[PDB]
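Some notes on the structure that comes next.
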Amino acid sequence: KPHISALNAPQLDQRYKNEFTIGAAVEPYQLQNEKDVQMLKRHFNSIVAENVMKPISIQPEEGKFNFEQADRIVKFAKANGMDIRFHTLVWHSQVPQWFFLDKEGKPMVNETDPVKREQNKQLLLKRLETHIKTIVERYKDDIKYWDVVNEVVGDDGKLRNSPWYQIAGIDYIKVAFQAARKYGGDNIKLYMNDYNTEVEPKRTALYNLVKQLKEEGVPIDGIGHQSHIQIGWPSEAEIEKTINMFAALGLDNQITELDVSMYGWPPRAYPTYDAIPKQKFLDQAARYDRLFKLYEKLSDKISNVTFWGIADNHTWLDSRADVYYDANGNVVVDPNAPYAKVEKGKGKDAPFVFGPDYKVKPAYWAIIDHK
Ligand SMILES: O[C@@H]1[C@@H](O)[C@H](O[C@@H]2CO[C@@H](O[C@@H]3CO[C@@H](O)[C@H](O)[C@H]3O)[C@H](O)[C@H]2O)OC[C@H]1O
Ligand SMILES: O[C@@H]1[C@@H](O)[C@H](O[C@@H]2CO[C@@H](O)[C@H](O)[C@H]2O)OC[C@H]1O
Ligand SMILES: [Cl-]
Ligand SMILES: [Cl-]
Ligand SMILES: [Zn+2]
Ligand SMILES: [Zn+2]
Ligand SMILES: [Zn+2]
Ligand SMILES: [Zn+2]
Ligand SMILES: [Zn+2]
Ligand SMILES: [Zn+2]
C-alpha cells in the first residue's frame with residue numbers, strides 16, 4: 001500500500017464513525033499550521049489539549065485564569081463539529097504550587113498540628129472546588145467528556161501519595177467529581193484517567209477505587225485508559241480483560257492518549273526518524289491491526305479512541321527517547337548491549353499512523369482496512 005499524503009487519504013474518523021470517535025491531542029500553535037489543520041479536518045472528529053487545559057496552564061496563580069489557549073481549541077472544535085475532551089481538572093504534575101501552601105505560605109505537607117492539618121484539608125478542597133467550578137461553568141455547554149482526575153492510583157497498587165492525597169486524603173477525588181457534576185450537570189461525562197490500567201496491582205486498585213466511589217454515589221461515568229503502549233506490551237488479551245472489567249461496573253471506556261512506541265522501557269531510541277528500520281514500521285503495523293480489531297470487537301464498551309498527537313513530527317515520546325552510544329560512537333538499541341554514554345531525550349520515536357511528512361504509514365493501511 002503506498003506512502004501517499006494523508007491529505008489525499010481515506011478519512012480515519014469515517015472508517016470508525018459507527019464504532020467510536022477518533023481524536024487527537026493538540027497544541028494551539030498547531031491550529032496555525034496548514035498541514036495540522038488539514039489533518040484535523042480530514043481525519044479526526046474529537047480533540048483534546050495536550051497541555052493548555054492542565055491546572056498550571058489554566059490557573060497559574062490563584063485567581064489568574066488563562067482560558068485564551070484553551071478557548072482556541074474549543075472554538076476550532078466547534079467550527080469543525082468535533083467532540084472535545086477536557087484534560088485534566090486534577091493531577092499531581094503540571095499543577096501550580098500555590099494550591100498546597102497554607103495561609104502563612106508554608107507547604108501544607110509539612111504541618112504536624114492535627115487541627116491545622118484539618119484546616120489545610122478544608123482550604124485545599126475549597127481551592128479545588130473553585131478551580132473546577134470556574135472551568136466547568138465556562139465550558140459545560142461545549143465540552144462533553146472530562147478527565148476529572150488523572151493518575152490518582154500508584155503503580156504499587158496504593159493510592160498515589162501526592163500532595164493532594166497527603167493533605168486531603170481520598171476526599172480530593174470525591175470532591176473533584178462532585179464539583180464537576182454540580183456545575184456541569186448530568187450531560188457532561190466524567191472520567192478517571194490513568195496509564196498502565198491493564199497492569200496489576202494497579203488495575204485491581206483502580207477497579208476497587210471506582211467500585212467504592214460509585215457505591216458511595218460519587219458521580220463517575222467512565223475510565224480513560226491513556227494507552228501509552230509498546231509494540232508487544234501490554235497484550236491484547238490483557239487490554240480486553242481490562243476494558244471488559246470496567247464495562248461490567250457500568251463504566252464507559254475511552255482510549256485517551258494512545259501512542260505505540262517503537263521502543264521498550266526504558267527506551268533505547270534511534271537518534272533520528274531516518275534511522276528507524278523499515279521492519280519496525282511493519283511490526284508496529286501488525287500491532288495496530290490487532291489493537292484496532294480488538295477495539296472494534298469491544299466497540300459497544302468504548303466511545304472514543306484518541307491519539308496523543310497528530311503525526312510523527314510531534315510526539316511527547318521524543319522526550320523519553322534516550323539515545324545510547326557505545327565506546328566507538330555507534331548507536332545502541334539492544335537493551336542488553338554495552339554502551340558508554342546516553343543522550344537523554346534526544347532521539348526520535350514514531351508512534352502514530354501518520355508519518356512526519358504527513359504521509360500514511362503501514363499502520364494506517366492496517367487500520368483503515370476491514371481485515
Ligand atoms: O516543560 C514542560 C514539559 O515537560 C511538558 O511536557 C508535557 C508533559 O505532559 C505530556 O502529556 C502527558 C503524557 O503523560 C500522560 O500520563 C499525561 O496524562 C499527559 O498529560 C505532554 O505531551 C508533554 O508535552 O510540556 C509543558 C512544558 O512546560
Ligand atoms: O509520568 C508518567 C510516566 O511515568 C508514565 O510512564 C510509564 C512508566 O511505566 C512504564 O511501564 C510505562 O511503559 C510508561 O509509559 O507515562 C505516563 C506519565 O504521566
Ligand atoms: Cl510534546
Ligand atoms: Cl517518512
Ligand atoms: Zn470527519
Ligand atoms: Zn526523515
Ligand atoms: Zn462505541
Ligand atoms: Zn507536545
Ligand atoms: Zn515519508
Ligand atoms: Zn486491519
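Each chain in the C-alpha cells gets a letter, A, B, ..., in the order shown, and its residues are numbered from 1; ligands are numbered from 1 in order too.
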**Asked** Given a cut-off of 7 Å, what residues near ligand 2 show up using only C-alpha atoms and all ligand atoms, put as a list in words?
**Response** residues 195, 196, 228, 229 and 265 of chain A
What's around segment 91-104 of chain A at 6 Å? Count only C-alpha atoms, leave out sequence neighbours fewer than 2 positions away in its own chain, and write the answer as a compact mmCIF listing (two decimals) with C-alpha atoms, in the first residue's frame.
```
# COMPACT_ATOMS: atom_id res chain seq x y z
CA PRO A 55 -4.09 23.05 36.14
CA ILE A 56 -0.89 25.04 35.85
CA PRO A 60 -1.00 29.56 37.35
CA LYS A 106 4.35 27.20 54.21
CA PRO A 107 3.89 23.85 52.44
CA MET A 108 0.82 22.15 53.92
CA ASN A 150 -5.54 11.97 36.34
```
**Request:** Between atom CA of residue 220 of chain A and atom CA of residue 67 of chain A, measure the distance and give it in Å to one decimal.
**Result:**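 These two atoms are separated by 25.1 Å.
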Excluding same-chain residues fewer than 5 positions from segment 38-49 of chain A, what lies within 6 Å of it counting only C-alpha atoms, as a short mmCIF file (atom, residue, chain, number, x, y, z; two decimals) with C-alpha atoms, in the first residue's frame?
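As written to disk, part21.cif reads:
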```cif
data_model
loop_
_atom_site.label_atom_id
_atom_site.label_comp_id
_atom_site.auth_asym_id
_atom_site.auth_seq_id
_atom_site.Cartn_x
_atom_site.Cartn_y
_atom_site.Cartn_z
CA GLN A 11 -10.68 9.59 6.37
CA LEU A 12 -9.78 7.71 9.54
CA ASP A 13 -12.72 9.06 11.57
CA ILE A 22 -11.21 9.22 16.60
CA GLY A 23 -9.38 12.00 18.35
CA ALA A 24 -6.07 13.85 18.53
CA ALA A 25 -4.25 15.82 21.22
CA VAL A 26 -3.12 19.21 20.06
CA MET A 82 -15.62 17.84 16.78
CA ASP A 83 -16.24 16.41 20.26
CA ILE A 84 -13.93 17.88 22.94
CA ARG A 85 -12.35 16.16 25.94
#
```
**Message:** What parts of segment 62-166 of chain A does DSSP call strand (DSSP E)? I'd like the answer as an NGL selection string.
**Reply:** :A and (83-90 or 145-150)
**Request:** Extract, using only C-alpha atoms, all DNA, RNA and protein residues at most 12 Å from residue 69 of chain A, discarding same-chain residues fewer than 6 positions from it, and format them as a PyMOL selection string.
**Result:** chain A and resi 26-31+49-54+57-58+75-76
Could the residues in this selection be written to a file with N, CA and C atoms, as a compact mmCIF listing (two decimals), in the first residue's frame?
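After the write, again-v7.txt holds the following:
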```txt
# COMPACT_ATOMS: atom_id res chain seq x y z
N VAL A 26 -3.74 18.15 20.78
CA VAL A 26 -3.12 19.21 20.06
C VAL A 26 -2.61 20.35 21.00
N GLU A 27 -1.75 21.16 20.39
CA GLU A 27 -1.28 22.42 20.99
C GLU A 27 -1.89 23.53 20.13
N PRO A 28 -2.14 24.72 20.73
CA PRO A 28 -2.75 25.79 19.93
C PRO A 28 -1.94 26.20 18.69
N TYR A 29 -0.63 26.13 18.77
CA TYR A 29 0.13 26.57 17.60
C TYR A 29 -0.10 25.64 16.39
N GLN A 30 -0.55 24.41 16.64
CA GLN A 30 -0.84 23.51 15.52
C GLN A 30 -2.06 24.00 14.79
N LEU A 31 -2.87 24.85 15.42
CA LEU A 31 -4.06 25.33 14.71
C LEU A 31 -3.69 26.48 13.79
N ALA A 49 -6.73 18.93 24.51
CA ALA A 49 -5.49 19.75 24.63
C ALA A 49 -4.38 18.93 25.25
N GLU A 50 -3.26 18.84 24.55
CA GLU A 50 -2.12 18.16 25.11
C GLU A 50 -1.66 18.79 26.42
N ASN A 51 -1.74 20.13 26.49
CA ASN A 51 -1.20 20.79 27.66
C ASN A 51 -1.94 22.01 28.20
N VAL A 52 -2.61 22.77 27.33
CA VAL A 52 -3.16 24.04 27.79
C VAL A 52 -4.40 24.03 28.65
N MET A 53 -4.94 22.85 28.98
CA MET A 53 -6.07 22.76 29.89
C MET A 53 -5.62 22.13 31.23
N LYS A 54 -4.32 21.92 31.39
CA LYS A 54 -3.81 21.34 32.67
C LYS A 54 -3.93 22.44 33.76
N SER A 57 -1.62 25.46 33.53
CA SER A 57 -1.90 26.31 32.38
C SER A 57 -3.13 27.20 32.63
N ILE A 58 -4.14 26.64 33.29
CA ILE A 58 -5.42 27.37 33.47
C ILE A 58 -5.36 28.37 34.65
N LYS A 75 -12.92 26.65 20.20
CA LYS A 75 -13.56 27.33 19.04
C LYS A 75 -13.31 26.54 17.75
N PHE A 76 -12.11 26.00 17.63
CA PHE A 76 -11.77 25.21 16.41
C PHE A 76 -12.65 23.96 16.39
```
